[PDB]
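S.K.: no FASTA, just this:
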RNA sequence: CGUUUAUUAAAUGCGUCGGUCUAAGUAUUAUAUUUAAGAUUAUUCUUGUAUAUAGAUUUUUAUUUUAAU
Ligand SMILES: [Zn+2]
């Protein structure tokens, strides 16, 4: 349930391929027949993604090594430019997209 | 002041380490101007540096 | 599922020596053991 | 009945205890635990072995040449850790149902539903 | 190999502990019936070395 | 005494 | 209300034990004269014990 | 003789009943000695 | 009385204030740092000791992030200078029940350990095993049989650095754990999910056509 | 309790008054662990002298 | 603020009631211990029976 | 309890004077009246007898520890936290095994360390093996080159 | 909030700004319990937007003893049963008796720590590292500062007890060049007398070693 | 035989008795009560609290509490 959009820049651990994976708009569980557990843990969980995947294992499939794992280090987008701007123009074709 | 001091095997006293004073974190005091302690032991004095 | 015949009890000595409702019957951690 | 922490005050139920739903169920549970220890576990983690060592000799040889690496190195890319299995720590036993039951308007109302 | 059957090292010597957990001792568990040998048998002493 | 024990 | 020379008192504390409750002065622990130094492995052997016996 | 007025909490949870729990106003200019400590 | 009031924490740069406390390790609650060494030295002095190529290295704006507390947003731009509450949230929210189930952690065994009850191996030497959280802490670690399977533990021993994501996220519900077991069953014990292990049943004849 | 132990008998005589010098040396406000007698003495043989407690001096002042 | 003691909830809370205790404050009563006073004994109680040395 | 003089003299001339050839003063002969105390009185006056261990080193081995590269820091004992107060208030708290409890540790000076699982030991035996490897350059001379390659990278620019 | 059965993820609100009342408080960052406020004053949506949490520590930061990693005693406003009275109460964290084995000081050590520390210990590789990478005001304990000292000693004692193995191997190596031949057992005294590493200690020590060749076989 | 703010079949108090307690105090003991000493006796019967109890409630009266129209 993320009302707002946000795109992370996940860095794999196997190939360090900085791929970006966004988070769309997934609507709130219905309030009409409210359910206190499914809501208040939808919200509290939403701060934990909004703060750069704080307390969650990230599970997205790589683009370089085509496989899905849980090894991603979520890069704040000024730690990403720290990395992107500091790669020779060829390895940007290797690790970035 | 005696932490991390090469004892020399002639006078059995602390050799004068010129580096020590750079890894030293002067924790202040009232009856002493600024007591010097090595960097590793700096955090035990977290309250006095806040006082 | 053929494993749903979980015995509605468990060996564990009931904590709460005194008495009350809910004692000495299965727990959803024990119901997954026997399963 | 120390098995289930029951002092019996009324006779004629101390007799009818041995087949009571409390005793007979506590019998089954403290037995199947023995089953697991008596036969199950020393055989469960037997098969868990006899398939892994099958893999690391019957499949991982060819797989290590796929990574272009040495055979011993792959045993840390195809098994990064050996998550053995217990009664207390099973991964979901049955892959959850794929065809979920279809939602309906509330109280079997038919042309849609005004309310929730 | 190094055998180990589980339920061995408690992490605390088996005296200072309950099955698991170090136990509490607070001069109120203790009786005054010990320490009553003092009426004849005198307490320990520190004899200074000559 | 440690140099002793090696030998 | 205290009684020094009370054959309790752990024999180290007969002044500090006036303070402390009735329930806590029997247990006050033996420590030292506060000037007694640890037994020291010094070399002073009794005046006439001698070697052969000392050895 | 004295009184804390808070009532000694369990030795495990040392603080129940902060004065804020009651919607109390304790401005230094209002009742004087006010301003709390958990702040 | 304060003889020798200490100098500000991270005053080491010639023409910009030291970063605020808390960020350097100190007391939070104030956003803007300030050091009386810097504000007293006249401007030309601050422009004497520094060349243009340098100020562009200490002007440097690491805007949301903090240059010092790696990974956390700069505490002079948050709503208030305290640490980010959201990232460091206590594991239990203000209302949930503590149903954090039993969790099993990975430990690197250090001696070939061989159980004498199941007559099989707790763990080979130098292979990471998922063991109980209160076998490891109370029986495997105190004796020198095991250590944790952290990144740096691998570095110290000589093993290829493996990221088990040791407690990267704790599950606050059994079925929220039994999903995490499914994630960890994939990354760690991956040979379970090969097209060769999904077909041990069939590497040869469908059994109905073999001899007897 | 010190004659009976060391002599095997009841004392069977009038006990001396004026406690012996050296008894009740740790006590400070005896006055009850005694009769109202003074704290006996040091363990000396010097002539008896009243330890001038604040009380004895007052009696002089009467 | 009674509990300004070393936090030990399942163990015994040493000193708890005894004279040398925490969780009683600093400028408190119950500090007869601290009878150690720099001033000489004789000037807070006289050198003899007549309270000779008494004074400031 | 060896109390009655007839019993103390019957033990003290035999065990502490006879067997051990020790001689107790008068004021200690008072409390020297139990099997517990007889044992200690000996176990102080015999512990004050062992010649204090003589730290004597040779010369031929001495010049080794001097010229050897890796030397010991050797000041840490003071960093240890002090528990100085009245001995009774300090020891009343150890009424039970309050010893290893609440961030305390009975620090007995240790001369050898277990090498298995000891992070802080492997944390440096690699850092050492990373020092012998770097030291290999300075032996051969690839350090001077790789260091002389910086100044020629940092000169023409 | 939308009503379709299967709502696949998408960039933006597919059907306009999400309708409903609870979507009104989520569209502004608030949590879904704002739907139950009777007054939502500018302070109220400040109070409940968790700008700065109304949540404190049981003792002072300086006197804190039990290791509270990142926790406060947050007050939980409950609404009572059948007749809805609103009352609040201070909910603590769960402190466990942390009876660990810090292999730096080769012995168990106990420091009571919140559950969250008993996880972040294992995430840090040991109990001691969790003491060591935290810093002063961050690890705001007092026991953590008494056990950091023993940790800082009993580390700098390992490093010291290491250089023994480099001053000993130096002797052991350099003396072997003088234990070269077994010609004279009167000379093995003299080489040992050279480094003052006596014979009576070494001889039987090597004997116990060849017996240990027989103790280990 | 003491003791009390509108001063006494007020409330104390000894004994007996009921209940509790063998990891803080001595189970002919100390907690917790009801009575009142001394002398005679101390009756009939139970619907609820308590105890015991068996997922709990609902059931259920050795002794005790309260009850007996
Ligand atoms: Zn990848």
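M.R.: Nice, I can see it. Residues are numbered from 1 along each chain as shown, chains lettered A, B, ... in the order given.
S.K.: Please identify the residues of chain M in proximity to chain F?
M.R.: Residues of chain M lying near chain F by CB under 8 Å from any CB of the partner chain: M:164-165, M:167-172, M:175-176, M:179, M:195, M:197, M:201-202, M:205-206. For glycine as for every other residue, the C-beta is placed from the backbone atoms N, C-alpha and C.
S.K.: Distance of the nearest residue to residue H:14 once chain neighbours are set aside relative to residue H:11?
M.R.: Distances taken as CB to CB, 6 or more residues apart in numbering or on different chains place residue K:3 nearest to residue H:14, at 4.0 Å, with adjacent residues excluded. Going from residue K:3 to residue H:11 by CB to CB, to the nearest Å gives 7 Å.
S.K.: can you pull out the helices in chain M?
M.R.: Remark: helices assigned in chain M by DSSP state H are M:22-26, M:44-47, M:115-120, M:127-133, M:143-176, M:187-194, M:199-215.
S.K.: likewise chain L?
M.R.: Applying DSSP H to chain L gives helices spanning L:5-11, L:26-31, L:35-45, L:62-67, L:87-93, L:119-140, L:142-153.
S.K.: Do the third one and chain E come into contact?
M.R.: Yes - contact of helix L:35-45 with chain E (CB under 8 Å from any CB) involves L:36-37, L:40-41, L:44-45.
S.K.: what comes into contact with that helix?
M.R.: For helix L:35-45, contacts defined as CB atoms under 8 Å, 6 or more residues apart in numbering or on different chains pick out E:41-42, E:44-50, G:39, G:46, L:2, L:11, L:15-16, L:20, L:22, L:24, L:28, L:31-32.
S.K.: Which among the residues you listed count as buried?
M.R.: Buried members of these, counted by 16 or more other CB atoms under 10 Å in any protein chain shown: E:42, E:45-49, G:39, G:46, L:2, L:11, L:16, L:20, L:22, L:24, L:28, L:31-32.
S.K.: Any idea how many residues pack against the nearest residue to residue I:104 once chain neighbours are set aside?
M.R.: Spatially, and ignoring its direct neighbours in sequence, residue I:104 is nearest to residue I:130 (4.7 Å; CB to CB, 6+ apart). Neighbour count for residue I:130, taken as other CB atoms under 10 Å in any protein chain shown: 25.
S.K.: so what's the backbone phi/psi at residue I:130?
M.R.: Dihedral angles of residue I:130 (phi, psi; degrees, to the nearest 10) stand at phi -80, psi 110.
S.K.: So what pairs up with it in the strands?
M.R.: With DSSP bridges as the criterion, residue I:130 is bridged to residue I:106.
S.K.: same check, this time on residue B:14
M.R.: Assigned bridge partners for residue B:14, using DSSP bridges, are residue B:7.
S.K.: How many neighbouring residues does it have?
M.R.: Using other CB under 10 Å, residue B:14 has 17 neighbouring residues.
S.K.: got the contact list for it?
M.R.: Neighbouring residues of residue B:14 by CB under 8 Å, 6+ apart: B:2, B:5-8, L:75.
S.K.: Distance check, it against chain D.
M.R.: With distances taken as CB to the nearest CB, to the nearest Å, residue B:14 is found 47 Å from chain D.
S.K.: What distance do you get for that residue to residue A:1?
M.R.: 64 Å.
S.K.: which one of the helices of chain L lies closest to residue H:25?
M.R.: Among the helices of chain L, helix L:87-93 comes nearest to residue H:25, with 43.3 Å by CB to CB.
S.K.: That closest one: which residues count as buried?
M.R.: Result for helix L:87-93 [16+ other CB under 10 Å]: buried residues L:88-89, L:91-93.
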